[PDB]
Chemist: 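Here it is, the structure, as structure tokens.
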Amino acid sequence: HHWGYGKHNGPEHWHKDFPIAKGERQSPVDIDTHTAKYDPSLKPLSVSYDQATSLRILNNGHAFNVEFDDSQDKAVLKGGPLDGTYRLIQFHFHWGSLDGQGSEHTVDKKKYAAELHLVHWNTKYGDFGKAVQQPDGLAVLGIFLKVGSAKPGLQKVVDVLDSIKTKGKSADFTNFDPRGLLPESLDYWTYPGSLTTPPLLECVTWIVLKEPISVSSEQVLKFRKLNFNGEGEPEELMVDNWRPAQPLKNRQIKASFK
Ligand SMILES: Nc1ccccc1NC(=O)c1ccc(NCC(=O)NCCc2ccc(S(N)(=O)=O)cc2)cc1
Ligand SMILES: [Zn+2]
């Protein structure tokens with residue numbers, strides 16, 4: 001009876017195994033654009049992905065992860081609200097059963113069709129497992145997806161999904177360039193928060209881009225053909241793998257822009 005996104009094991013249940021679910025810095029949150037404060041001291045984000053080395057794509061039963069070689073400074077996030085150098089380890093998405101829901105963060109209570117999370121860890125902690133134990137261990141770059149025109153740089157991901165339909169399946173996934181998933185603007189909101197799935201550790205500097213990317217209806221339909229189940233288990237479509245907005249509590253969301 002493991003956590004997931006169903007009626008009996010979904011986000012309202014998680015606090016029983018992971019009491020930090022009701023903590024002081026949980027994610028995601030609603031971004032109230034009128035209460036976010038412009039912070040003129042915030043630096044431009046530095047997204048250095050030209051040497052990224054993708055390795056593999058994995059269906060882990062909760063989402064799919066595109067994994068990177070994080071054994072050297074090859075794809076890093078710096079600047080913005082961050083001190084030091086954060087290495088890209090993986091990206092994944094959260095998405096809905098319908099185009100009207102799927103994002104984890106909301107903007108003035110608006111839900112997007114999906115949300116991309118580019119997960120990075122602080123190199124001063126040596127690897128990911130140590131970084132998630134620290135209040136500044138991770139930086140997650142969040143990008144909203146809206147349904148409209150196709151994102152050409154997403155299609156290589158969409159096309160491999162039939163090879164990782166079920167939980168525990170992986171496939172080689174080399175030479176994927178995550179720059180093809182970024183919007184034009186790097187204007188962002190930032191706040192201190194958590195992992196949005198168990199173990200819900202309070203280790204994340206969230207950086208959420210203001211400008212969504214557009215994907216096609218056909219691209220997101222292919223996300224919704226994935227399965228939460230393993231091969232030879234009853235088929236349960238991998239949809240609505242999002243945690244809803246959590247209380248902001250004693251936090252301020254800062255904006256990089258006016
Ligand atoms: N060792 C230790 C000591 C004291 C306190 C905590 C820890 N470690 C842990 O709690 C612990 C660490 C990792 C665990 N599992 C693997 C793991 O990497 N999980 C996190 C992956 C994750 C990555 C990104 C996101 S998201 N949606 O916020 O971008 C969500 C989840 C499970 C438990
Ligand atoms: Zn995520």
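Along the sequence shown, the residues carry numbers beginning at 1. Read the numbers this way: they start at 1 and go in the same order the structure lists the ligands and their atoms. Heavy-atom basis, side chains included; hydrogens, waters and symmetry copies ignored.
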Chemist: Against the six-membered ring of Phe68, is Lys74 placed for a cation-pi contact (under 6.0 Å from the centre, within 45° of the normal)?
Modeler: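 No, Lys74 does not sit over the ring of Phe68.
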Chemist: Strictly below 4.0 Å, N to O, side chains only: are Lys169 and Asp162 in salt-bridge contact?
Modeler: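 Looking at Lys169 and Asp162, the cut-off is not met.
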Chemist: Ignoring hydrogens, tell whether any protein atom lies closer than 4.0 Å to atom 31 (C) of ligand 1; use the non-hydrogen atoms only.
Modeler: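 True for atom 31 (C) of ligand 1.
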Chemist: I'd like to check which ligand 1 atoms, numbered from 1 as shown, lie under 4.0 Å from a non-hydrogen atom of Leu201.
Modeler: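 Answer, ordered by atom number: 9 (C), 10 (O).
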Chemist: Below 2.8 Å of the Zn ion (ligand 2), tally up the protein N/O/S atoms for me.
Modeler: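 Of the protein's nitrogen, oxygen and sulfur atoms, 3 lie under 2.8 Å from the Zn ion (ligand 2).
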Chemist: Against heavy atoms of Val119, which atoms of ligand 1 measure under 4.0 Å?
Modeler: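 That gives atoms 24 (C), 29 (O) of ligand 1.
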Chemist: May I ask you to list the atoms of ligand 1 that are less than 4.0 angstrom from any heavy atom of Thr197?
Modeler: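 Within the 4.0 Å cut-off of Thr197, ligand 1 contributes 30 (C), 31 (C).
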Chemist: Pull out every atom of ligand 1 sitting under 4.0 Å from any heavy atom of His92, numbered as shown with elements.
Modeler: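 Near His92, meaning under 4.0 Å from one of its heavy atoms, ligand 1 has 24 (C), 26 (S), 27 (N), 29 (O).
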Chemist: Do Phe64 and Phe223 have ring centres separated by under 6.0 Å?
Modeler: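 Yes, close enough.
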Chemist: Select one of side chain, backbone, both or neither to describe which atoms of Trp121 lie under 4.0 Å from any atom of ligand 1, heavy atoms only.
Modeler: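 Under 4.0 Å from ligand 1, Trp121 contributes no heavy atoms.
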Chemist: With a 4.0 Å cut-off on heavy atoms, does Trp206 reach ligand 1?
Modeler: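 Contact present.
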Chemist: Under a 4.0 angstrom heavy-atom cut-off, which atoms of ligand 1 come close to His94?
Modeler: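 Contacts of ligand 1 toward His94, numbered from 1: 27 (N).
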Chemist: Are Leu226 and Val239 connected in the hydrophobic side-chain network, where two residues link if heavy atoms are under 4.5 Å apart?
Modeler: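 Looking at the clustering, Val239 is in the same group as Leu226.
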Chemist: Tell me: protein heavy atom nearest atom 15 (N) of ligand 1, and distance?
Modeler: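 For atom 15 (N) of ligand 1, the nearest protein heavy atom is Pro199 CD, 4.5 Å.
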Chemist: Should we say atom NZ of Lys111 is surrounded by more than 12 heavy atoms from elsewhere, each under 6.0 Å from it?
Modeler: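 No, not enclosed.
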Chemist: According to side-chain hydrogen bond (donor to acceptor under 3.5 Å, both in side chains), who are the partners of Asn250, at least two apart in sequence or on a separate chain?
Modeler: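 For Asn250, no residue satisfies side-chain hydrogen bond (donor to acceptor under 3.5 Å, both in side chains) once neighbours in sequence are set aside.
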Chemist: What I want to know is whether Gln90 and ligand 1 share at least one N or O pair that is separated by under 3.5 angstrom.
Modeler: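 Checking ligand 1 against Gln90, no N or O pair falls under 3.5 Å apart.
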Chemist: Any idea which protein heavy atom is nearest atom 28 (O) of ligand 1, and the distance to it?
Modeler: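 So the nearest neighbour among protein heavy atoms is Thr196 N, 3.0 Å.
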Chemist: Counting the benzene-type ring for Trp, do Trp206 and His105 have ring centres under 6.0 Å apart?
Modeler: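 Between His105 and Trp206, which both carry aromatic rings, the centre distance is below 6.0 Å.
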Chemist: Look at atom 25 (C) of ligand 1 and find which of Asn241, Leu138, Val132, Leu195 reaches it with the closest heavy atom.
Modeler: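 Selected option, by shortest heavy-atom distance: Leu195.
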Chemist: Working to the nearest 0.5 angstrom, can you tell me the gap between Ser54 OG and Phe91 CZ?
Modeler: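 Separation between the atoms: 8.0 Å.
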Chemist: Salt bridge or not between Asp83 and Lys124? Use side-chain N to carboxylate O under 4.0 Å.
Modeler: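 Answer for the salt bridge query: no.
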Chemist: After noting the C-alpha distance and the side-chain angles of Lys167 and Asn229, does the key distance pass the side chain to side chain contact (heavy atoms under 4.5 Å, CB included) rule?
Modeler: CA-CA 6 Å; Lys167 179 176 192 331; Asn229 56 282; over 6 Å; no
Chemist: Grouping I, L, V, M, F, W and Y whenever their side-chain heavy atoms are under 4.5 Å apart, do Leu88 and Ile213 come out in a common cluster?
Modeler: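 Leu88 and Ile213: one cluster.
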Chemist: Look at atom 5 (C) of ligand 1 and say whether a protein heavy atom is found at less than 4.0 angstrom from it.
Modeler: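 No, there is no protein heavy atom closer to it than 4.0 Å.
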Chemist: Can you tell which of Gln133, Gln134, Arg243 gets a heavy atom nearest to atom 1 (N) of ligand 1?
Modeler: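 Considering heavy atoms of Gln133, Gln134, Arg243, the nearest to atom 1 (N) of ligand 1 sits in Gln133.
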Chemist: Counting heavy atoms only, name the option from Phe128, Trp242, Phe93 that's nearest to atom 21 (C) of ligand 1.
Modeler: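 Ranked by closest heavy atom to atom 21 (C) of ligand 1, first place is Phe128.
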Chemist: Can we call the ring centroids of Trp14 and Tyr5 under 6.0 Å apart?
Modeler: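 Yes; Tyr5 has its ring centre under 6.0 Å from that of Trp14.
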Chemist: Less than 4.0 Å between a side-chain N and a carboxylate O, is that true for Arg243 and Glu104?
Modeler: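 Salt bridge flag = no for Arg243 with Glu104.
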